[PDB]
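The lines below spell out each chain.
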Amino acid sequence: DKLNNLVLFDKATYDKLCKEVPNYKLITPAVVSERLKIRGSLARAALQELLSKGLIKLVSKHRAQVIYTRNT
Amino acid sequence: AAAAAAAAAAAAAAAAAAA
Amino acid sequence: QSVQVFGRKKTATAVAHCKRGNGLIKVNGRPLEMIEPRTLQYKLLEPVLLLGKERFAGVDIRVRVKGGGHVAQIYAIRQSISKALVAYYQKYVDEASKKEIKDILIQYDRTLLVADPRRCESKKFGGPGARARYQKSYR
Amino acid sequence: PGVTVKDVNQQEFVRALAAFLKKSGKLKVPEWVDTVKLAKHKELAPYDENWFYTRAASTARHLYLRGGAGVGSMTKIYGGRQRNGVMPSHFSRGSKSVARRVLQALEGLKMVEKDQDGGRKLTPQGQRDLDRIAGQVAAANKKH
Amino acid sequence: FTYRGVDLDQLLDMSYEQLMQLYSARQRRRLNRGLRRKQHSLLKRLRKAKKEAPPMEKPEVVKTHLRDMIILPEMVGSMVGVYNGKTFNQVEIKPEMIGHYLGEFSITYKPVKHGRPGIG
Amino acid sequence: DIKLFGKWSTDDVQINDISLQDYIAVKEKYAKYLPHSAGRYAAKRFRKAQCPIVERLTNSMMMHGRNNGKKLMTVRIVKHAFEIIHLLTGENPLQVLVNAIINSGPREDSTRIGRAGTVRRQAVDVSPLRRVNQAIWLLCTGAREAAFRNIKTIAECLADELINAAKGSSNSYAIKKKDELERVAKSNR
Amino acid sequence: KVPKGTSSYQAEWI
Amino acid sequence: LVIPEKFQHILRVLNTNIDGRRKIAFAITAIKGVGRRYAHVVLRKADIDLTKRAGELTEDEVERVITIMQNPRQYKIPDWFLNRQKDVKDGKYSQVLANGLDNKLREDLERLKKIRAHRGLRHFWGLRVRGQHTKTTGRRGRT
Amino acid sequence: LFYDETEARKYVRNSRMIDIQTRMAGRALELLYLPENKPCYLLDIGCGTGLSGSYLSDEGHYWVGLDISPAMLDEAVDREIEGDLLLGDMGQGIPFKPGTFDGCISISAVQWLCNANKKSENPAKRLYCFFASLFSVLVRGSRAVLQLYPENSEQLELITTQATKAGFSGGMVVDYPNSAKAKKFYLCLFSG
RNA sequence: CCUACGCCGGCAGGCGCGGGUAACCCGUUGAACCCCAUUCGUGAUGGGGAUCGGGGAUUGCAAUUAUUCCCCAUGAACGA
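Counting of residues restarts from 1 for each chain and follows the sequence as written, so the numbers need not equal those of the entry; residues with no coordinates are not shown. The order in which chains are written sets their letters, starting at A; the order in which ligands are written sets their numbers, starting at 1. Values throughout refer to the chains shown here, themselves only part of a larger assembly. Water and hydrogen atoms play no part in the side-chain values, which are based on all heavy atoms of the structure. Residues with missing side-chain atoms are left out of burial classes, side-chain pairs and their counts.

Method of determination, as given in the entry header: cryo-EM; reported resolution: 4.5 Å.

Next comes the structure, spelled out in structure tokens:
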């Protein structure tokens, strides 16, 4: 049925997005979007924030596919 | 030289078209 | 002191003018990274990455491109650069290293130095193009 | 080794030339900047609040790429794919008045010169400026 | 009644030049093109038929072919037969139709009200 | 030397099945920088056995109607998919691709033999080249129908289905249809 | 409420 | 982004429930009488960044949006983005929104019924108006 | 196996499928002279999601539906049917006592008896098993009307021959037969 | 009548000014997809734009049964 994913952050949503993301082996806005009920716009802006957090490596960067990677 | 090169290229193109 | 050759796909013509130079590769005044179908850059980089840039040491390579589409022009530039280096080493250097680089290119891919045998052909009357024809109805 | 505008990534050059026209600040800006599309063959408004600036930059650069192109040729460059509803798409051209008055506004900065040849081309001031900013983005390329 | 912020006495006292901004695109278009002599003569017959009527009475209906006539507001109050191929339909020109044609008031065909298929 | 996409290695790649060992050409002189070859390979018979494997995964991915000339979207989907597999595993993803094609093609196949009205099938052996092509078509189809309506990019879908079939999941549509034809093979015989 | 002017034609459109 | 704490999960602008979590440049389109281009040329003069959503706003932004939205000439939304250019009554270049939109559609239909024109009887009967080729159509919605 | 949940849903929710199945079911009922103008008890054979069975309910009939597909039956569950739905392979037989039903109807289903995939009896055996049991479970003078899609004339002749050997008499009605896009074959039979 | 160029039109279009009775002038026939960034984030949603209400401009003796084009607003069906 409805894939009305969460448009903005929440308490526990950010408690997983600041925390669980650098332990994935693969950080993709579709994957982060898909596991925690988040729109790809929201996860896309959040992953550019994770560039601004400096935790997470940026490997690939394209039009619609921007690949992030957990560090070490 | 550049002009000459350009001319040559044009000629080649023409030839190709003919072919 | 100069060699003047070309490369030809469907409509794309690539005029190559090479001589003794500095390693200069201009494609109507732009490098081999500044062509927007950029993934095919690697195909566009196949004359350098297969042969090594040390063999492109002192050669001026001017490229002037006509007609075609973007992918056809990329394969035409690839074509013309490979034929230009081979024709330069044949006319001005030995037969042996030219033959060797010919054997490096062809056994990788023959399409690098030979032309393509087919084009968007003309039409014999009776349809949209040459092969498929118009459609009808029954009953 | 006088650097060439053609020897740079062109869209990073467009973004930097937009920033250069933003830092200049002097230009006769029209009033339909916040109203219009580029032409009939698009649907929605542009998201850029400075879309006039970056289009002026790209228009100056397309004048740099060839001289002998009038407003109708500037209309013809900025074309695209009109979707005719359920009827199939076609090529549709730019807007005359907007591209004409972009050329007019940059003509105000002595960067666009009318010739005897009917069209409009770049000024020698213009090619000096574009080669300066070309060296700026060339140092932004081969030294970054 | 009011049209475009202008009243009926205001319209009927307004000149022929100033009408030509108060209309639709096609209507200002045609009034720019300028009317024909046939429609001038039809408006003249309308003047004669609207004037000679008794003051209690509505004017005598004038029948006409010209479906492509702009309904001028000067025609309001008359009765006009409009020819749709077969039958002059007699319309009282009310002031609500000053921006339309006569041709829409005599509806030309008969509405399709289906039957049933036989051998299809 | 020659590495895929500038970086990816091919000399580590190993074939398991001898029965499919020649009909995938990846190892030594069929490694190229890009899948975009743009030469003829359907010239005559079996000349699409000596074309590269990633070129086959590319050219069998513009399959659907609206994508039917847009090969550059396909090669960036291939590039993003190899990068996603290289993140989720760490190994050379070409080994994952070879292990996915090997573990997915059918082994017996049913063919209607009789007349037009005698559907009395007979489960026969699978040709190796058709095993290759059936495997590639199943992997592309699992990438298609699991990426019709989702948030996932089709590169992610292809990469995850290639992972799941490389390990033989119950999740891969390709392994599901392989098991289906292998179970139909049990029935017709 | 058929008008006194018009025919049965437009009245069948009514 | 951030977590905006004044987030109305329901908006109510001009008798319309608006899904306030939607993008601001696409949630104003949800009411009748405002499309996509029009709300954009509103927001370019309503001085709100497109990056935000529709539930991230201040009511001061809401009241200046509705202020510009009911006063379209005074805030440089000139006379071609308007829903109605020249009305039958006043000819006033003016935007018309949802309740008044259905009201003025009903007004024009009642007028053309009262006019006894070629359009008005079509609109009373609920048929095609622009002269269509119905030799194969007229399928869904006819009984 | 042929259907799944996705495909059963897409078939039953398609408006074009609904309209054609409804037209053919109403045509089959018109050809069914035994329920036509009569109350009756019915067996719907290859009932699917109950698109044919709903239209039996419209004329006041009580019915049992047989289908081999779980997903077609599961989609039928949510459609407020009044008939009894049974998961069953028609080629193994009709599992009711002698003389149970006034009539039987089948829309778009019996051509599957020419298919040899599901089971390891010959289609010829399953076809005989279907018609012989179908004759038995029907009352005396009962009727069977089957709309079906034959691949060729040999399939039509085989179906006719098996029905004939089982004790049925009647014939074939072919509606619109000059359009092989829109033509429809109806088998119209009666028992002894 | 094919147009270039300039001026005036938020968009369709006007006004002035040449070449071209023609591989020349339009013409280097400067296109679309494609690409690179932005936004959207799987729902009838910004997909689909039908179905209409206001206007605006051309074509023409003549646009009313919408000629065509443009600008708002309307947003049904459609889940392969």
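1. Here's the deal with the interface of chain H and chain E
On the side of chain E, seven residues touch chain H, which itself brings eight residues to the contact. Just so you know the grouping, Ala, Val, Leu, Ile, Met, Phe, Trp, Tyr, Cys and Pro go in nonpolar, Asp, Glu, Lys and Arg go in charged, and all remaining residues, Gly too, go in polar. Of the residues belonging to the side of chain H that touches chain E, the class tally is two nonpolar, two polar and four charged. In what follows, a contact means two residues having at least one pair of non-hydrogen atoms within 4.5 Å.

2. A short note on unusual backbone geometry
The phi torsion of most residues other than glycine is negative, and most of the peptide bonds are trans. Even without a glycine there, the phi angle at A:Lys37 is positive, about 60 degrees. Put simply, DSSP marks the helices as runs of H or I at least four residues long and the strands as runs of E at least two long, and each gets a number from the N terminus on. Position of A:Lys37 relative to the elements: it lies in the loop between α2 (29-35) and α3 (40-53). Phi angles above zero are rare outside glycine, and H:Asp47 is one such case at about 65 degrees. Mapped onto the fold, H:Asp47 is located in the loop between α2 (36-46) and α3 (59-70).

3. Section: helix α1 (residues 10-24) of chain D
The periodicity of an α-helix, 3.6 residues per turn, causes residues three or four places apart in sequence to face the same way. How far a helix is expected to stretch is found by multiplying one less than its residue total by 1.5 Å. The terminal C-alpha atoms of α1(D), which comprises 15 residues, lie 21 Å apart, in line with the 21 Å expected from a rise of 1.5 Å per residue. Positive backbone phi, at 80 degrees, marks D:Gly25, one or two positions downstream of α1(D).

4. A short note on the packing of helix α5 (residues 123-137) of chain I against helix α6 (residues 153-166) of chain I
Residue and element names in this part refer to chain I. In this analysis an axis means a line fitted to C-alpha atoms, helices contributing only their contacting stretch, and an angle means the value between N-to-C directions, from 0 to 180 degrees. At their nearest, the axes of α5 and α6 sit 9 Å apart, and the two run at 40 degrees to each other. Classified by the angle between their axes, α5 and α6 sit oblique to one another. Judged by the twist between their axes, the crossing of α5 over α6 is right-handed. Seen from α5, the contacting residues are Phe131, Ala132 and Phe135; seen from α6, they are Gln162, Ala163 and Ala166. Counted by class, the contact of α5 with α6 contains five nonpolar, one polar and no charged residues. Our angle categories are set so that under 35 degrees counts as roughly parallel, over 145 as roughly antiparallel, 65 to 115 as roughly perpendicular, and the remainder as oblique. Note on convention: near helix rotated counterclockwise from far helix by under a right angle means a left-handed crossing. Clockwise means right-handed.

5. Comments concerning the sheet that holds strand β3 (residues 62-64) of chain E
Residue and element names in this part refer to chain E. The strand order β3-β4-β5 describes an open sheet built from three strands, whose pairing is mixed. The sheet is open, and its two borders are formed by β3 and β5 (88-92), each paired with just one other strand. For this sheet, the mean inter-axis angle between neighbouring strands, taken without regard to orientation, is 25 degrees. Should DSSP find at least two bridges between two strands, the strands are regarded as paired. Where strand β4 (residues 79-83) lies against β5, five bridges are found, and the strand directions are antiparallel. Counterpart to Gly81 in the pairing with β5 is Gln90.

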